[PDB]
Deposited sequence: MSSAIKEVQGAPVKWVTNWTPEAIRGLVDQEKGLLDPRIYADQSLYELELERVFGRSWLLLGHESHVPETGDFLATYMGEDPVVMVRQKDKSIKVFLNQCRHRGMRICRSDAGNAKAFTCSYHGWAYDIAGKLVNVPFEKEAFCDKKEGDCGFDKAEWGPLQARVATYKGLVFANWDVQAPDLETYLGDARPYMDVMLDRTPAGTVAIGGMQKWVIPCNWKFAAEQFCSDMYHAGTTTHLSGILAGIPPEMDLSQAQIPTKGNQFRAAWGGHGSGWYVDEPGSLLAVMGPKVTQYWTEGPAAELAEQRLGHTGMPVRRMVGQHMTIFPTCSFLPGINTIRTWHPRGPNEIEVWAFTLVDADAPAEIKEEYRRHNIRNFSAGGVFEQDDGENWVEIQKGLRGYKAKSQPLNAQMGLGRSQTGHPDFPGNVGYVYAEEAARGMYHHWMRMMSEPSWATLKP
């Protein structure tokens, strides 16, 4: 059995080394579900997914299926999609509106809150209904986004997010009207470990600025333009969370990235005009040059990843050490013009979906990485994560927090250190910030 000593010898942020066994080991994964997922704050979706009373969304927390459902008091509850009689699924559609939920096996009946309200033949047999039925999850919201956690001793979402908050507001708090999700949730299966996907959106601008997306940029650039004529952005910054494993990277003053992905109309909306400058004032407390911020990525540990410029957001659902499910959707400002919404929608489909000219290539890399790790020698020696080590500083005038160069792996090392920390430390008294 994996001893805490051995778990600490898997990740080393000092040497900047990663043991490849963290992505492949079956017994390590079984521990992840308990130590990470069963204790973390996990994305389930947006508030606009469940607007009216009784509206529900069938989703996951790790490998555990859950129902997220809007309550009559306008709150939102999350409970395990499992009947505590003999384990049957309580809610059997992806989404919709429920007056009540009813288990199809033996007909145990539940209210929209997830409470057991009726048991057939409860007088002939049997016991208190108020005590039975699906385990409940803690629910916390953050400016439209809905999060959930099982562990009662875990920190609150606000404390969980901490220093990472202002970097989310670039996407979320542009208008007092707030964000609304475009209809649709794309879902697809990738045979790779969840850490690869999580790390990429956390720290890896480096893949976007080099080789991975040379063809994606080619797809969005003017037909008269060639790759050598297109100019890759090079300047920008990266962020590592004070605690958690969170991080974000972005380009500064170089709209070449955003323009190729999103097009001119969207790039204008983001940087020039009445709405773009209104966002600048609203994010006045941070003191960030939001208009100059073009092309941004972010991961909230462990599985909440999003691109504030593109407005694509997704949860990575784990399916063993060799597989994940991507559940992705798109956000728009509530009051953004009809043409702008249509452009956000078209360009997200074009770039960041299973068939997206950008997303096609990310899941090519991750897949080939996992295959290799089946071999013995492939897991024998550490991998390299040493970029920008001892180079990121907290006292930055332009941006708040621990800031480095755009091509760094400081957030990467910070993510894997907290993976090691959750995997090793059993109690919250030690883990909490």
Go through the deposited sequence from residue 1 and tell me which stretches lack C-alpha coordinates, in order. 1-17, 144-152
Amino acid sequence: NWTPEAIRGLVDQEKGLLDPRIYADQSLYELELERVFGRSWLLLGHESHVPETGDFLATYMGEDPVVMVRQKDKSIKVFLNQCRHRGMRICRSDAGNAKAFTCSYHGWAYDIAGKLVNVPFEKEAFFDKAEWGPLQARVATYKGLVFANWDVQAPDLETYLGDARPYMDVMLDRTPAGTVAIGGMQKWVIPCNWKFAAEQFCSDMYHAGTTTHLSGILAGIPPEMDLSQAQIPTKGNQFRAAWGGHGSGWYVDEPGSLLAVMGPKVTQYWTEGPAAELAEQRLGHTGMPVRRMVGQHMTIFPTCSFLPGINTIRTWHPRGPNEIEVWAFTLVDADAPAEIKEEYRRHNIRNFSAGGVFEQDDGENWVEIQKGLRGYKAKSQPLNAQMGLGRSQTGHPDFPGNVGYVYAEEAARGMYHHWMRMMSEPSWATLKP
From here on, numbers count along this sequence of modelled residues.
Stretch with higher mean Cα temperature factor, 276-284 vs 220-228, is 276-284
Can you tell me whether 143-151 has a higher mean C-alpha B factor than 211-219 in this record, or the other way round? 143-151
By the CA temperature factor listed in this entry, which of these ranks top: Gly372, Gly45, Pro400, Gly62? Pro400
Quick one: which of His106, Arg314, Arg345, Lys129 has the biggest Cα B-factor according to the entry? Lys129
Would you please rank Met293 by its C-alpha temperature factor against the other modelled residues of its chain and give the third it falls in: lowest, middle or highest? highest
Which third of the chain holds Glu122 when residues are ordered by C-alpha B factor: lowest, middle or highest? highest
Quick check for you: using the entry's CA B-factors within this chain, is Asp333 in the lowest, middle or highest third? middle
Compared with the other modelled residues in the chain, in which third is the CA B-factor of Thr271? middle
Check where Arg86 lands among this chain's C-alpha B-factors and tell me if it's the lowest, middle or highest third. middle
